[PDB]
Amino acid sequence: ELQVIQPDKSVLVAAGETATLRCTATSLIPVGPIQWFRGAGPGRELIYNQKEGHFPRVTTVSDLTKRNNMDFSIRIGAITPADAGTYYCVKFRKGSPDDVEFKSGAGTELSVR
């Protein structure tokens, strides 16, 4: 079946540098988008979404024309002390009444020092 894996538990980065938060899924099926969030609670912040919204400081590590891509690592540019926290890589299942959450990675601690 499929698992969403975040290998790095902690990572950090000086101000103005690029932090890499890596994520890899085992399989593409069930079909669904991969989203990155900061925090686990109800008021969590969407960090990256491929289809909609603009996330300027986020770049996809797997890069374009990566066919059948299963590497869902992200890169957050120009890091500030404000962007410190725990980031979760979550897999979603395609669903109407709005999509549904399926599996979430352990999480990667980001700091700033």
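Residue numbers here begin at 1 and follow the sequence given.
- For the cut-off of one third of the other compared entries, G16 qualifies: that many or more give it no coordinates while modelling its flanks.
- Missing-residue comparison: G77 falls in the unmodelled set for a third or more of the other PDB entries checked.
- Across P33, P81, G85, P30, the entry's maximum B-factor at the CA atom is seen for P81.
- Per the deposited record, the Cα B-factor of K103 falls in the middle third when ranked against the other modelled residues of its chain.
- Among all modelled residues in its chain, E52 ranks in the highest third by Cα B-factor.
- The deposited CA B-factor of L64 belongs to the highest third of values across its chain.
- Ranked by C-alpha B-factor against the other modelled residues of its chain, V11 falls in the highest third.
- When all modelled residues of the chain are sorted by CA temperature factor, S96 is found within the highest third.
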